[PDB]
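What follows is a set of notes on a single structure, which appears directly below.
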Amino acid sequence: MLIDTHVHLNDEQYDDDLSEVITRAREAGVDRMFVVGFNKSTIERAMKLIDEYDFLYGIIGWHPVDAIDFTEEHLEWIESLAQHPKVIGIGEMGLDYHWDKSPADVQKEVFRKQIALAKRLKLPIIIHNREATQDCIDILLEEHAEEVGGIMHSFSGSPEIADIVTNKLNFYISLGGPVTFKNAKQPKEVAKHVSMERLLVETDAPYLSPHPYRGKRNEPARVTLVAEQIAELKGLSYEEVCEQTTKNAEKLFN
Amino acid sequence: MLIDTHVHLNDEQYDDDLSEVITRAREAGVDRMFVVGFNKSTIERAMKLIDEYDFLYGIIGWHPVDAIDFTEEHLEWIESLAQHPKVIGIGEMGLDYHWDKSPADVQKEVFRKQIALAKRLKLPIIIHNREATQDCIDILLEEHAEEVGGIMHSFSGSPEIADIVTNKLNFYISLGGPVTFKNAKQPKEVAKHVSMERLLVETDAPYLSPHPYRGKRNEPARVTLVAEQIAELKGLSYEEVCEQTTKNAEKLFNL
Ligand code: NI
Ligand code: NI
Ligand code: NI
Ligand code: NI
C-alpha cells in the first residue's frame, strides 16, 4: 500500500475521467492521495475532492509562480480552509526562477508569509523549488521552518543540500517520475544517498509521467513505478519501500 | 550589424515564412547567420540554405540527444560536407541528460569522435550542454579541445566554469534569449563576468524567444534584444556589443 503524497487530481486534465483515474490508482495499491491546491481555482477544486473522496487529503497554499496574485484576503481564506480536518499541510510554496510572472522579492515575501501561517496552524509545509535551491534553503533556515517540518517536493539537489534538508531542517524528501529517467543522475543519487526514513513518493500528476510513459498524462497509479525504482536503487523489496514511505507519511502528517 | 552565431532556420516552423523571417533579421542589422545541422534531416536542410543565401554559413555535426543514431557513414558524410567553403564549424555536439533517447556512455563516445573529427578539419566546435556541465568540461579538457577552439553555446553555468571555458579551453561563450529572463540570474551574471572579447550572441531560433516574446516562436531578428541586454549589463553601447561580437565571430571562424 502506497500514498501518492503530491497529486493535482484538481487539474482540468482529469475533467473527463477522474473517477477512472482514481479507481486505477486504488486498484494498484495507492490507498491515499494528497491533492495539492496552489491558487484560487486549484484550491476550490481541491476542497471539493477531499469532501467527495474519503481517502483524499488536501495540501493548500500559494505557488511561487503566482506569488504576485497572493492577497491578504487569500491568506485569511487559506487559514480558515486549513481548519478542515482533511487539510493536512500547507503548500506547494517556495521559489521558482524559471518563470518571470512573479519577481524573486515578491516570491520570497509570499514564501515567508506562508511559513508564518503554517506555524500558527501547526501544519507541515510542502516546498516547490525550481532553479532557486540555495535561496529556498536560506529562507527555511532564517524562518525556523524546522518548527513545522515538511517536504522538499520532487527534490533534485546535491547530497550536501539533501543533508541540510534532512539533518538541519529535519524535513522529508519526496521523489517522483524523475527518479525513473535514464540520464537523470541527480535524483538516482539522491534516492541512493538519503535514508529510507526520510523518503516519500509522489507523482505530481498530471506532470512528469515516469518511464516508460514519459511525455504522457501522468496519474497517481504510476507512483508504483517510482517506488519500484527506489527499491531497485537502495537494494530493498517493493514491499519495504511501500511500508517505509507509508510510515514516513503517517509520521509527518495527521 | 550583428551575427546570429546559432540559428535553426532549417526547422519546419519556418517552412511557410522563411524568406520573411530572413528579411526581418537583415532589416534589423543581422547581416550573417550560422545555420546549425545536428542530424541527417537538419544537415541536408542546412546544406541547402547555405547554397541559397549568400550570408548564411553552416555548422554541422551530431546532437547528443540523437547520439545513438550516429554511424561511421554519418561521420564520413560530415567530414566530406565540411569541405564546403561556408561550413565553418562542427556541432552542435556535446551531452544532454534531460532526454533519455541516448545513454550518457554513447553520448560521450559520439562527442569524443566529433572532437577528433574537428581536429582533422581544423574547425572549431559548437557545444550543446544540458544538465551535464562537469561531464562536458571534463571531456573538453581530456581531449585537448583547446587545439580547435569553439563556443559554449547558450552558456548558463557559474563564473568558475566560465573562467575554465575562456581561460583554459580558450573558448568563446554565446548568450541567447535567457540573458533577457528576469528571475534566472546566472546568464546575466555570466554576461557581466566574461570579457567582451569572449562573448557572442545567438537566438537558437526557433527556441528560447527572449523577453518580451517568451513563449513565442523565436526568430533571428530577436538577437538585437540579446545584444541590447548585454550592452546594459556591461555598461556598453549597443554599437560596441555589435562591433565586438562581430570581431569575435570573424576571428574564431574563417568566413
Ligand atoms: Ni511544484
Ligand atoms: Ni505540484
Ligand atoms: Ni542546443
Ligand atoms: Ni541549437
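To be explicit about the labels: the chains of the C-alpha cells are called A, B, and onward in the order shown, and within each one the residues are counted from 1, while ligands get numbers from 1 in the order they are shown.
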### Message
For a quick test of understanding: name the residues of chain B lying within 8 Å of chain A when counting only C-alpha atoms, and present them as a ChimeraX atom specification.
### Response
/B:97-100,103-104,181-184
Could you dump the residues just selected with N, CA and C atoms as a short mmCIF file (atom, residue, chain, number, x, y, z; two decimals), in the first residue's frame?
```
data_model
loop_
_atom_site.label_atom_id
_atom_site.label_comp_id
_atom_site.auth_asym_id
_atom_site.auth_seq_id
_atom_site.Cartn_x
_atom_site.Cartn_y
_atom_site.Cartn_z
N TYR B 97 21.53 15.43 -20.64
CA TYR B 97 20.98 14.45 -19.66
C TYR B 97 19.51 14.75 -19.35
N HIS B 98 18.90 15.64 -20.09
CA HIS B 98 17.45 15.87 -19.96
C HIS B 98 16.71 14.69 -20.59
N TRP B 99 16.98 14.39 -21.85
CA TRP B 99 16.22 13.40 -22.63
C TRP B 99 16.94 12.06 -22.49
N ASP B 100 16.26 10.95 -22.79
CA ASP B 100 16.78 9.60 -22.47
C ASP B 100 17.01 8.76 -23.72
N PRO B 103 21.91 7.08 -24.16
CA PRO B 103 22.55 6.98 -22.86
C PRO B 103 23.87 7.75 -22.84
N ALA B 104 24.24 8.28 -21.67
CA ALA B 104 25.44 9.12 -21.46
C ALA B 104 26.65 8.45 -22.11
N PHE B 181 15.81 36.99 -19.45
CA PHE B 181 14.97 36.49 -18.33
C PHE B 181 15.36 37.17 -17.02
N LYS B 182 14.35 37.58 -16.24
CA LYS B 182 14.45 38.44 -15.02
C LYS B 182 14.91 37.60 -13.81
N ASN B 183 14.28 36.43 -13.61
CA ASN B 183 14.46 35.58 -12.40
C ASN B 183 15.64 34.61 -12.51
N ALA B 184 16.05 34.20 -13.70
CA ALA B 184 17.25 33.34 -13.89
C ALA B 184 18.49 34.24 -13.99
#
```
### Task
Throw together the list of residues within 7 Å of ligand 2, counting only C-alpha atoms and all ligand atoms, and drop it here as number ranges by chain.
A: 6-8, 36, 92, 204
Under the rule of at most 12 Å, produce a per-residue listing of chain B near ligand 3: chain, number, name, the closest pair of atoms, and the distance in Å, as JSON lines, using only C-alpha atoms and all ligand atoms.
```
{"residue": "B:6", "atom": "CA", "partner": "ligand 3", "partner_atom_place_in_ligand_line": "1 (Ni)", "distance": 9.0}
{"residue": "B:7", "atom": "CA", "partner": "ligand 3", "partner_atom_place_in_ligand_line": "1 (Ni)", "distance": 9.8}
{"residue": "B:8", "atom": "CA", "partner": "ligand 3", "partner_atom_place_in_ligand_line": "1 (Ni)", "distance": 9.9}
{"residue": "B:36", "atom": "CA", "partner": "ligand 3", "partner_atom_place_in_ligand_line": "1 (Ni)", "distance": 9.3}
{"residue": "B:37", "atom": "CA", "partner": "ligand 3", "partner_atom_place_in_ligand_line": "1 (Ni)", "distance": 10.6}
{"residue": "B:38", "atom": "CA", "partner": "ligand 3", "partner_atom_place_in_ligand_line": "1 (Ni)", "distance": 9.1}
{"residue": "B:61", "atom": "CA", "partner": "ligand 3", "partner_atom_place_in_ligand_line": "1 (Ni)", "distance": 11.6}
{"residue": "B:62", "atom": "CA", "partner": "ligand 3", "partner_atom_place_in_ligand_line": "1 (Ni)", "distance": 10.6}
{"residue": "B:63", "atom": "CA", "partner": "ligand 3", "partner_atom_place_in_ligand_line": "1 (Ni)", "distance": 7.7}
{"residue": "B:64", "atom": "CA", "partner": "ligand 3", "partner_atom_place_in_ligand_line": "1 (Ni)", "distance": 9.0}
{"residue": "B:65", "atom": "CA", "partner": "ligand 3", "partner_atom_place_in_ligand_line": "1 (Ni)", "distance": 9.6}
{"residue": "B:66", "atom": "CA", "partner": "ligand 3", "partner_atom_place_in_ligand_line": "1 (Ni)", "distance": 11.8}
{"residue": "B:91", "atom": "CA", "partner": "ligand 3", "partner_atom_place_in_ligand_line": "1 (Ni)", "distance": 9.2}
{"residue": "B:92", "atom": "CA", "partner": "ligand 3", "partner_atom_place_in_ligand_line": "1 (Ni)", "distance": 6.4}
{"residue": "B:93", "atom": "CA", "partner": "ligand 3", "partner_atom_place_in_ligand_line": "1 (Ni)", "distance": 8.2}
{"residue": "B:94", "atom": "CA", "partner": "ligand 3", "partner_atom_place_in_ligand_line": "1 (Ni)", "distance": 8.8}
{"residue": "B:95", "atom": "CA", "partner": "ligand 3", "partner_atom_place_in_ligand_line": "1 (Ni)", "distance": 9.6}
{"residue": "B:96", "atom": "CA", "partner": "ligand 3", "partner_atom_place_in_ligand_line": "1 (Ni)", "distance": 8.7}
{"residue": "B:98", "atom": "CA", "partner": "ligand 3", "partner_atom_place_in_ligand_line": "1 (Ni)", "distance": 11.7}
{"residue": "B:126", "atom": "CA", "partner": "ligand 3", "partner_atom_place_in_ligand_line": "1 (Ni)", "distance": 9.1}
{"residue": "B:127", "atom": "CA", "partner": "ligand 3", "partner_atom_place_in_ligand_line": "1 (Ni)", "distance": 7.6}
{"residue": "B:128", "atom": "CA", "partner": "ligand 3", "partner_atom_place_in_ligand_line": "1 (Ni)", "distance": 4.6}
{"residue": "B:129", "atom": "CA", "partner": "ligand 3", "partner_atom_place_in_ligand_line": "1 (Ni)", "distance": 7.1}
{"residue": "B:130", "atom": "CA", "partner": "ligand 3", "partner_atom_place_in_ligand_line": "1 (Ni)", "distance": 7.9}
{"residue": "B:131", "atom": "CA", "partner": "ligand 3", "partner_atom_place_in_ligand_line": "1 (Ni)", "distance": 11.7}
{"residue": "B:151", "atom": "CA", "partner": "ligand 3", "partner_atom_place_in_ligand_line": "1 (Ni)", "distance": 11.5}
{"residue": "B:152", "atom": "CA", "partner": "ligand 3", "partner_atom_place_in_ligand_line": "1 (Ni)", "distance": 9.9}
{"residue": "B:153", "atom": "CA", "partner": "ligand 3", "partner_atom_place_in_ligand_line": "1 (Ni)", "distance": 7.1}
{"residue": "B:154", "atom": "CA", "partner": "ligand 3", "partner_atom_place_in_ligand_line": "1 (Ni)", "distance": 7.6}
{"residue": "B:155", "atom": "CA", "partner": "ligand 3", "partner_atom_place_in_ligand_line": "1 (Ni)", "distance": 10.1}
{"residue": "B:174", "atom": "CA", "partner": "ligand 3", "partner_atom_place_in_ligand_line": "1 (Ni)", "distance": 11.5}
{"residue": "B:175", "atom": "CA", "partner": "ligand 3", "partner_atom_place_in_ligand_line": "1 (Ni)", "distance": 12.0}
{"residue": "B:176", "atom": "CA", "partner": "ligand 3", "partner_atom_place_in_ligand_line": "1 (Ni)", "distance": 11.1}
{"residue": "B:202", "atom": "CA", "partner": "ligand 3", "partner_atom_place_in_ligand_line": "1 (Ni)", "distance": 11.2}
{"residue": "B:203", "atom": "CA", "partner": "ligand 3", "partner_atom_place_in_ligand_line": "1 (Ni)", "distance": 10.7}
{"residue": "B:204", "atom": "CA", "partner": "ligand 3", "partner_atom_place_in_ligand_line": "1 (Ni)", "distance": 7.4}
{"residue": "B:205", "atom": "CA", "partner": "ligand 3", "partner_atom_place_in_ligand_line": "1 (Ni)", "distance": 10.4}
{"residue": "B:206", "atom": "CA", "partner": "ligand 3", "partner_atom_place_in_ligand_line": "1 (Ni)", "distance": 11.3}
{"residue": "B:207", "atom": "CA", "partner": "ligand 3", "partner_atom_place_in_ligand_line": "1 (Ni)", "distance": 9.3}
{"residue": "B:208", "atom": "CA", "partner": "ligand 3", "partner_atom_place_in_ligand_line": "1 (Ni)", "distance": 10.6}
```
Could the residues in this selection be written to a file with N, CA and C atoms, as a tab-separated table (two decimals), in the first residue's frame?
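New file result-v3.tsv:
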```
chain	number	residue	atom	x	y	z
B	6	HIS	N	24.08	31.19	-34.03
B	6	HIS	CA	23.46	29.86	-33.81
B	6	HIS	C	21.97	29.94	-34.07
B	7	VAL	N	21.53	29.49	-35.24
B	7	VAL	CA	20.08	29.52	-35.56
B	7	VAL	C	19.70	28.27	-36.35
B	8	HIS	N	18.44	27.83	-36.18
B	8	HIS	CA	17.84	26.64	-36.83
B	8	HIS	C	16.79	27.10	-37.84
B	36	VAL	N	22.56	25.78	-38.01
B	36	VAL	CA	23.09	24.56	-37.31
B	36	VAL	C	22.28	23.31	-37.70
B	37	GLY	N	23.00	22.32	-38.26
B	37	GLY	CA	22.51	20.98	-38.61
B	37	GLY	C	23.05	19.95	-37.64
B	38	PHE	N	22.21	19.11	-37.04
B	38	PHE	CA	22.65	18.23	-35.93
B	38	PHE	C	22.13	16.80	-36.09
B	61	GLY	N	27.03	18.73	-37.47
B	61	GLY	CA	27.53	17.75	-36.52
B	61	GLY	C	26.37	16.94	-36.01
B	62	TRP	N	26.54	16.34	-34.84
B	62	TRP	CA	25.55	15.36	-34.36
B	62	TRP	C	25.20	15.63	-32.91
B	63	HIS	N	23.92	15.85	-32.70
B	63	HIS	CA	23.34	16.28	-31.41
B	63	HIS	C	23.39	15.12	-30.41
B	64	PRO	N	23.77	15.38	-29.14
B	64	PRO	CA	23.82	14.33	-28.13
B	64	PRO	C	22.49	13.56	-28.01
B	65	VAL	N	21.35	14.23	-28.16
B	65	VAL	CA	20.06	13.54	-27.94
B	65	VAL	C	20.00	12.38	-28.96
B	66	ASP	N	20.55	12.60	-30.17
B	66	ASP	CA	20.45	11.61	-31.27
B	66	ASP	C	21.76	10.83	-31.44
B	91	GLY	N	29.29	20.90	-35.08
B	91	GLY	CA	28.34	20.97	-33.96
B	91	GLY	C	26.91	21.06	-34.48
B	92	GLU	N	25.93	21.19	-33.57
B	92	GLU	CA	26.15	21.23	-32.13
B	92	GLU	C	26.33	19.82	-31.56
B	93	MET	N	27.42	19.64	-30.82
B	93	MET	CA	27.80	18.39	-30.21
B	93	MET	C	27.86	18.59	-28.70
B	94	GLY	N	27.87	17.49	-27.97
B	94	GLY	CA	28.03	17.62	-26.52
B	94	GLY	C	27.30	16.52	-25.77
B	95	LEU	N	26.53	16.88	-24.74
B	95	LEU	CA	25.93	15.94	-23.78
B	95	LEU	C	24.59	16.53	-23.37
B	96	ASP	N	23.56	15.71	-23.31
B	96	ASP	CA	22.23	16.20	-22.89
B	96	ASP	C	21.65	15.14	-21.95
B	98	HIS	N	18.90	15.64	-20.09
B	98	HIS	CA	17.45	15.87	-19.96
B	98	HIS	C	16.71	14.69	-20.59
B	126	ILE	N	31.08	23.63	-31.75
B	126	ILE	CA	29.99	24.33	-31.03
B	126	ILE	C	29.41	23.31	-30.03
B	127	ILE	N	29.32	23.66	-28.75
B	127	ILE	CA	28.96	22.73	-27.64
B	127	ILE	C	27.55	23.02	-27.18
B	128	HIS	N	26.75	21.96	-27.20
B	128	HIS	CA	25.44	21.83	-26.52
B	128	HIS	C	25.69	21.07	-25.24
B	129	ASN	N	25.34	21.70	-24.14
B	129	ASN	CA	25.38	21.08	-22.80
B	129	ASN	C	24.02	21.25	-22.15
B	130	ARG	N	23.37	20.16	-21.76
B	130	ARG	CA	22.14	20.32	-20.95
B	130	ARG	C	22.29	19.41	-19.73
B	131	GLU	N	22.37	20.00	-18.55
B	131	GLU	CA	22.36	19.28	-17.25
B	131	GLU	C	23.59	18.37	-17.20
B	151	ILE	N	32.76	27.34	-29.15
B	151	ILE	CA	31.67	28.08	-28.47
B	151	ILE	C	31.02	27.14	-27.46
B	152	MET	N	30.89	27.58	-26.20
B	152	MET	CA	29.88	27.04	-25.29
B	152	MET	C	28.55	27.73	-25.57
B	153	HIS	N	27.67	27.04	-26.30
B	153	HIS	CA	26.52	27.70	-26.89
B	153	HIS	C	25.42	27.86	-25.85
B	154	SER	N	24.85	29.05	-25.76
B	154	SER	CA	23.76	29.31	-24.78
B	154	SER	C	24.22	28.87	-23.38
B	155	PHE	N	25.41	29.34	-22.96
B	155	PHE	CA	26.08	29.01	-21.67
B	155	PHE	C	25.29	29.65	-20.51
B	174	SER	N	28.55	31.96	-25.97
B	174	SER	CA	27.41	32.66	-26.62
B	174	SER	C	26.29	32.77	-25.60
B	175	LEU	N	25.55	33.84	-25.71
B	175	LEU	CA	24.34	34.12	-24.92
B	175	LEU	C	23.20	34.30	-25.90
B	176	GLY	N	22.02	33.84	-25.50
B	176	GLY	CA	20.77	33.89	-26.28
B	176	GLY	C	19.69	34.50	-25.41
B	202	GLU	N	23.48	34.86	-30.03
B	202	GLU	CA	22.72	33.82	-30.77
B	202	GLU	C	21.25	33.96	-30.39
B	203	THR	N	20.35	33.37	-31.17
B	203	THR	CA	18.93	33.18	-30.78
B	203	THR	C	18.68	31.72	-30.42
B	204	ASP	N	19.30	30.77	-31.11
B	204	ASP	CA	18.85	29.36	-31.11
B	204	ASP	C	17.40	29.31	-31.65
B	205	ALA	N	17.02	30.22	-32.54
B	205	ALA	CA	15.64	30.25	-33.08
B	205	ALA	C	15.39	28.91	-33.76
B	206	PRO	N	14.20	28.30	-33.64
B	206	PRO	CA	13.01	28.94	-33.06
B	206	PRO	C	12.78	28.80	-31.55
B	207	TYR	N	13.78	28.34	-30.78
B	207	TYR	CA	13.68	28.15	-29.31
B	207	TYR	C	14.03	29.42	-28.54
B	208	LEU	N	13.53	29.49	-27.30
B	208	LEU	CA	14.01	30.41	-26.24
B	208	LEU	C	13.89	31.86	-26.72
```
#### Entry: Cut-off 8 Å, only C-alpha atoms and all ligand atoms, neighbours of ligand 1 as an NGL selection string
:A and (63 or 92 or 127-130 or 153-154 or 204)
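All residues within region 43-186 of chain B that the backbone DSSP calculation assigns to strand (DSSP E or B) are residues 56, 57, 58, 59, 60, 87, 88, 89, 90, 91, 92, 93, 94, 95, 96, 125, 126, 127, 128, 129, 130, 150, 151, 152, 172, 173, 174 and 175 of chain B.
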### Summary
Closest of B:1, B:59, B:223, B:236 to ligand 4, counting only C-alpha atoms and all ligand atoms, is B:59
### Message
What parts of region 7-226 of chain B does DSSP call helix (DSSP H, G or I)? I'd like the answer as a ChimeraX atom specification.
### Response
/B:12-14,18-27,40-52,64-69,72-81,104-121,133-142,145-147,159-167,177-180,185-193,196-198,220-226
